[PDB]
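Input: a single structure, listed below in structure tokens.
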Amino acid sequence: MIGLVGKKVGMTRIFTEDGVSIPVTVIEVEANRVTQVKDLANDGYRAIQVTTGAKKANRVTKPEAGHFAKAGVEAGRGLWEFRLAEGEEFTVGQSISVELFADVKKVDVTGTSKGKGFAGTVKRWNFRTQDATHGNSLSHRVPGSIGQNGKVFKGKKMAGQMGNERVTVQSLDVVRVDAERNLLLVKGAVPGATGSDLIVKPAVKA
Amino acid sequence: XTXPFXX
RNA sequence: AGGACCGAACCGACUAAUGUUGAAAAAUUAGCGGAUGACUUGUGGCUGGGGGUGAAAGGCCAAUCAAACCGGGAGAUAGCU
RNA sequence: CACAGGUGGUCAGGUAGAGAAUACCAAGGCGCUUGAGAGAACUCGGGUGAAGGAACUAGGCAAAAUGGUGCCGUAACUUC
RNA sequence: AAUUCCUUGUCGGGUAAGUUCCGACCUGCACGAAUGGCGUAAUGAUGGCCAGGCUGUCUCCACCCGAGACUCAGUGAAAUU
RNA sequence: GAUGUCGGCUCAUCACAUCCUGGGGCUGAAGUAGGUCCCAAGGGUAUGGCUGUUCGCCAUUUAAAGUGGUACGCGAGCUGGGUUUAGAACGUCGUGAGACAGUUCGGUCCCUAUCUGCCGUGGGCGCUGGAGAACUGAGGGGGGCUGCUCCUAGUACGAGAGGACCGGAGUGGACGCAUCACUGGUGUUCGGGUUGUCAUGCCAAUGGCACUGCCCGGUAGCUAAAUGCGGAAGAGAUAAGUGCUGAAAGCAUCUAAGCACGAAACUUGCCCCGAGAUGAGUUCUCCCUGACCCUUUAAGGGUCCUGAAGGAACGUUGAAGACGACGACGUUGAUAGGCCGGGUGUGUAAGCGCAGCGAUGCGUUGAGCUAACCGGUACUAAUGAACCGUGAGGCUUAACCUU
Ligand SMILES: C=CC[C@@H]1/C=C/C(=O)NC/C=C/C(C)=C/[C@@H](O)C[C@@H](F)Cc2nc(co2)C(=O)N2CCC[C@@H]2C(=O)O[C@@H]1C(C)C
């Protein structure tokens, strides 16, 4: 079904009763609110529009003010969309909590990766470094050949921006769901740095 | 002259 | 005592990297070899071009050497471009 | 060339040191005729490194360390 | 063998495995006695080989300090066409 | 009037005459394990010793260690051992100078990228009122490997020995993405020890220089050797192949009409880019409801008033970044810095006092110091402003308004 939007608060260690340490990626999934409910008669696909968080009064734009005021829902920090699986129904102004993930046992998180900036072939494509001595001339961490005896094929692995892109990790085990704190304990690591917004949706890969 | 250019 | 030892100056230049329209038309950095001797160095002088000199490499003889540079024969000759 | 060049001689302080080495200073003389900011790949010059330790490579290039003083002790071979 | 074509000769030693290396055999393609022969302590920035130690040489690269690369103002370059 | 040659390194890419994995036919296929042939190129496809070597032999692995094309791929990408200069020797030929595809030692590999191309990143214009967001997904990339073990089952088979497909589960190797909580590295911006030396007037106490002077530790951040995830399942149409029905051709036949199975290929489903998709898309919301002149009287020009929504610029800045860009905040404010507290790290400061001949030790004291981290705080600085873009959005047609 649908997912939710939260914040990467960080990572901590969870000790069970048998003395095992389960890595977790805590997420502050604030109470979400629906903004739009779209159908096929107008748009052409069953989905919803959800926001979260808050924003300053004298900083948000007027166009969005009416977009949020239309549904009588306080402004958020962004907007996202979730497709419905032919069996989901919602209404504007409806608030969604973290309990939605109570009986799922697995999710696929999504978020933006960290920013490495301009990266090299080694940092980026795990290229094999050349000889550091024994003759090498200014060609230690260089790629080498990029073709044959007359064009560089498209998709050629080269240096460039590394990170700051959409990334989706799949099949992450859930550990705990504390609605009192609006938290979600996801096992393992997830993209993005502390404070970045990320999506959490049930796992399709089982 | 010496081999490859210009050894 | 020593064409002796370790090792600075000094004289050399084995290796590597840099540099290679260089800082430099052969160097820099890191180490390296001889370092009282067939040592090294300053000033001055002499051997002069098919000749000089040469612990000899066809090496050097003013950034040019299997026969210097300059001038002249000379507008050499070029069945080749 | 306002040159990372070459070089003949003379003067030769203090602490440590065997020393004209080396390290910090004195005398005295300089900061090397463009700079500011940022802190990406890659290159150059360096520092550190988990575990393994020449498996690298045509070949162990450099680095580090052994590195100094005193004492004990010291093989084959030898023209002694 | 600084010499051996056939050839990585054959055997042995060393290595888990050694066209190289050492030690022997001799079938010396084509060693050989002052264009010297066989040895030879010491010496060698000499060639080849095996060890100990040492390490980012490597497995496999990671991070950091600096000089450039990048941006701004100034000067303003050079090569091919 | 120059197309630089073996091999190695690096980076790869296509073909299929398939090395492995997958799917099948016959088998002198009992089983296990092989042989032969067909379909199949999705992905994957050893390390080392000797040698300059490719190759090859050897050792030990692996599910397998594929065959070839790409200037025997790749030197404006590296190397320079080999080939391929001048030096010098051996053997051999020649009287000799010298020479050999005979060997042996030694021996300068330059180029700041204009165009194409490729990896990335922006400006401008356009998409027909403009602006702010959220999407559709035409299309285009990424990914696709696999061993072992247990149960099924010591079952079927077989005289035994030996030993299953089908199906299920778990755990690994290699590769790949993300991440820094743990284990660790780094940490020349934290602390301490300490040699030599100069200085701060001197003692004490500090600082500078010597690779951060040499060392021992270590925060954040980055990062792997560290720890989490991943390959699929499933569906449709198919290859070889197996078929049902069934005539032509009274029988037979997988086929001609019809119909059902069928693989890691292909199309899907998983992930990312994605409306410059000029075929330029779709939804919601917000802002502008002037006065005239003149004129080749028109999608015309100009003046006065008007200047919104929003944007940009500027500034404080970022787990964003080469520059642009992207993101956060700008006094109605915690954006940065500082300050307060706390934590971490270092490891009992300084000073005085006590003991001791003194070096030193003890107590004050787990003291003092403390970078980038956590939580808070307007103390300072992010300034009122102006700069920016307007004024109802063409013609035509059809249906509506005035079904
Ligand atoms: C002592 C020096 C060895 C000597 C070299 C002669 C010489 O003059 N070399 C200069 C290189 C010229 C080049 C690279 C010209 C390109 O524009 C065309 C070439 F690419 C074509 C090509 N060359 C080859 C084969 O095909 C070829 O054989 N060579 C090219 C590299 C040297 C090698 C050669 O000629 O070596 C000789 C050997 C044999 C005595």
Side-chain angles (χ1 to χ4, degrees), chain A residues 8 10-15 21-26 35-36 38-39 41-45 47-51 55-71 77-81 83 106 108-173 186-197 203-206, chain B:
Chain A
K8 179 171 187 170
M11 306 178 63
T12 181
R13 72 211 82 152
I14 291 286
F15 285 110
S21 185
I22 315 188
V24 308
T25 318
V26 51
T35 291
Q36 188 168 8
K38 33 179 66 176
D39 63 71
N42 187 20
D43 292 315
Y45 64 104
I48 64 169
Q49 187 163 14
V50 176
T51 192
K55 221 167 195 178
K56 287 180 167 66
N58 283 326
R59 177 167 261 285
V60 62
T61 81
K62 293 225 296 179
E64 311 290 13
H67 189 105
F68 298 122
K70 176 178 177 179
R77 80 178 78 95
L79 285 161
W80 299 262
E81 250 167 278
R83 298 273 279 272
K106 252 174 181 176
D108 306 349
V109 175
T110 303
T112 191
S113 61
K114 279 189 172 176
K116 322 294 197 192
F118 204 116
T121 54
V122 182
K123 229 287 190 196
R124 183 172 185 176
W125 305 111
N126 296 117
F127 272 20
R128 287 187 59 159
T129 290
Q130 274 192 81
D131 312 78
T133 66
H134 285 11
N136 194 262
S137 321
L138 326 185
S139 296
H140 301 297
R141 300 167 103 269
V142 306
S145 178
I146 66 181
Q148 308 83 347
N149 223 328
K151 56 157 187 169
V152 189
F153 293 133
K154 241 162 186 308
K156 188 72 181 67
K157 282 164 176 164
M158 287 186 155
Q161 185 72 10
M162 177 181 177
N164 197 322
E165 57 179 355
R166 193 185 170 83
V167 171
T168 296
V169 77
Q170 294 166 338
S171 323
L172 298 209
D173 309 335
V186 178
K187 167 154 183 156
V190 318
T194 76
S196 53
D197 291 313
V204 58
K205 295 283 235 61
Chain B
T2 74
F5 189 83

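No hydrogens, no waters, no symmetry mates; every other heavy atom, side chains included, goes into these values. By convention in this document, chain letters (A, B, ...) are assigned in the order of the sequence lines, proteins followed by strands, and residues within each chain are numbered from 1.
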Non-neighbouring partners of [X] that pass side-chain contact (heavy atoms from CB on, under 4.5 Å), sequence neighbours left out:
X        : value
A:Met11  : A:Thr25, A:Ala189
A:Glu165 : A:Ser113, A:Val167
A:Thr112 : A:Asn164
A:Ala69  : none

For the adjacent pair F:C74/F:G75, please state whether the pyrimidine-type six-membered rings satisfy a centroid distance under 5.5 angstrom and an interplanar angle under 30 degrees.
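Stacking test on this dinucleotide step: no.
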I want to know if F:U13 and F:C14 are stacked - that is, whether their six-membered base rings have centres under 5.5 Å apart and planes under 30 degrees.
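The answer is yes; the two bases are stacked.
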Answer yes when A:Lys55 and A:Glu64 have at least one side-chain N-carboxylate O distance shorter than 4.0 Å, and no when they do not.
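Not counted as a salt bridge, because no side-chain N and carboxylate O are separated by less than 4.0 Å.
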Using only atom types and a distance under 3.5 Å, with no angle test, would you say the side chain of A:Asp108 pairs donor to acceptor with the backbone of A:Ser171?
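Yes, because the side chain of A:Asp108 sits within donor-acceptor range (under 3.5 Å) of the backbone of A:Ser171.
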Please determine whether a side-chain nitrogen or oxygen atom of [X] lies at a distance below 4.0 Å from atom OP1 or OP2 of [N].
X        : N      : answer
A:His134 : F:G8   : no
A:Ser137 : F:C78  : no
A:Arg13  : F:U183 : no
A:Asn149 : F:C74  : yes
A:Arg77  : F:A328 : no
A:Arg59  : F:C329 : yes
A:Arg141 : E:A62  : yes

Sort me out a list of protein N/O and nucleotides 308-317 of chain F N/O pairs below 3.5 Å, or just none if empty.
unit_1 : atom_1 : unit_2  : atom_2 : d
F:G310 : OP1    : A:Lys62 : N      : 3.4

Just label [N] as syn or anti from its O4'-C1'-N9-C4 or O4'-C1'-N1-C2 angle, using within 90° of 0 for syn.
N      : result
F:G144 : syn
F:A277 : anti
F:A336 : anti

My understanding is that only residues two or more places apart in sequence, or in another chain, count here; which of them pass side-chain hydrogen bond (donor to acceptor under 3.5 Å, both in side chains) with [X]?
X        : answer
A:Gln161 : none
A:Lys187 : none
A:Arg166 : none

Using Watson-Crick or G-U wobble geometry with both distances under 3.5 Å, which nucleotide pairs with [N]?
N      : answer
F:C329 : F:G315
C:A30  : C:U15
F:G201 : none
F:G176 : F:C229

Atom CE of A:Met11 to atom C1' of F:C374: distance rounded to whole Å?
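Atom-to-atom, A:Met11 to F:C374, this comes out as 18 Å.
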Should A:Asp173 and A:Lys106 count as side-chain neighbours, where that means a heavy-atom distance under 4.5 Å?
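SC-SC contact between A:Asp173 and A:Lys106 confirmed.
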What protein N or O atoms touch nucleotides 223-226 of chain F N or O atoms at under 3.5 angstrom, if any, and at what distances?
unit_1 : atom_1 : unit_2   : atom_2 : d
F:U223 : OP1    : A:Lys116 : NZ     : 2.9
F:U223 : OP1    : A:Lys123 : NZ     : 2.3
F:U223 : OP2    : A:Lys116 : NZ     : 3.2

Quick one: the side chain of A:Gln161 and the base of F:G321, do they pair up donor-acceptor inside 3.5 Å?
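Check fails, no donor-acceptor contact within cut-off.
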Record whether the side chain of A:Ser145 comes under 3.5 Å of the base of F:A12 through a donor-acceptor pair of N or O atoms.
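It does not, because no donor-acceptor pair links the side chain of A:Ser145 to the base of F:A12 below 3.5 Å.
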Separation between the P atoms of D:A36 and E:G68, rounded to whole Å
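The same atom, P, in both gives a distance of 10 Å.
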Side-chain donor-acceptor pairs under 3.5 Å in residues 145-153 of chain A, sequence neighbours left out?
unit_1   : atom_1 : unit_2   : atom_2 : d
A:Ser145 : OG     : A:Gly147 : N      : 3.4
A:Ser145 : OG     : A:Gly147 : O      : 3.2

Dump the pairs, protein N or O against N or O of nucleotides 65-67 of chain E, anything under 3.5 Å, distances to one decimal.
none

Run the side-chain donor-acceptor check on residues 115-133 of chain A: report pairs under 3.5 Å with partners two or more places apart or on a different chain.
unit_1   : atom_1 : unit_2   : atom_2 : d
A:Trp125 : NE1    : A:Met158 : O      : 2.6
A:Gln130 : NE2    : A:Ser139 : O      : 3.2

